[PDB]
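Taking the form deposited in one PDB entry, here's one chain by itself in structure tokens.
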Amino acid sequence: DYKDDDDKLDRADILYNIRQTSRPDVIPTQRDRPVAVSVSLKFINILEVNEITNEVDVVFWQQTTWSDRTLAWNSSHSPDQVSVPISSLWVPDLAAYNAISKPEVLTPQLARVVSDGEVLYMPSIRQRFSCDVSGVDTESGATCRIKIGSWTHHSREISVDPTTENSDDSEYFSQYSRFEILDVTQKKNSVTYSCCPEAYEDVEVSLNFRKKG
């Protein structure tokens, strides 16, 4: 009930309920099924690209959501949603497999827990990757391939599900960038290695971009 959203004690009790139920270190696997983690990046900017090193700086909003039904409550007469520090929640152990720098999180480390058990988490992140930035000054542009998946959970435990959607890019990418976006695709992928046969699901995010002009 949105009318009850600003009931302070209601919010405090939901938070208390969330923290009691939450097992921040245990994957929330409903029904003997992998946790489905939906992710999609919204690029905000492309910063220091170096063609002498093949490195780029990106800023993106990591739209991330999953379900934990044990967190659900009755919101007939209480807030529909509250904000919760992620230290009180299980959060998927996502990583950019091919990153070359730490994720620099630029935003308050809070998620939204919806009364149905849905969790929404969208950090703004600056991070460096190794990219093919050779044709960045040409009309065909450059490509970054960013791969994001669970660092330690294989596909029986965590499933990673991407959403490619370029229509709303305009709402996100800075208009003052040295660069423009030709194309973003975010595709579901599976990773295996010679040593280790189990499949790890990831989103492969392809950023095709070039200098304006």
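When you see a residue number, it is the position in the sequence shown, counting from 1. Throughout, rigid core stands for the largest set of C-alpha atoms superposing within 1.5 Å between the two forms.
Keep in mind that the form deposited in another entry is missing from the display, and what follows is about it.
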* To do: Would you say whether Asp169 is displaced between the shown form and the other one, judging by a C-alpha shift of 2 Å or more on the superposed rigid core?
  => yes
* Asked: Quick one: once the rigid core is lined up, does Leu15 have its C-alpha move by 2 Å or more between the shown form and the other one?
  -> no
* Say whether the C-alpha atoms of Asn166 and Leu207 sit closer together or farther apart in the other entry than in the form shown here, given that their separation changes by 3 Å or more. => farther
* Structure fact -> Per the comparison in the other entry, the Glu180 and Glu165 C-alpha atoms (change 3 Å or more) are positioned farther
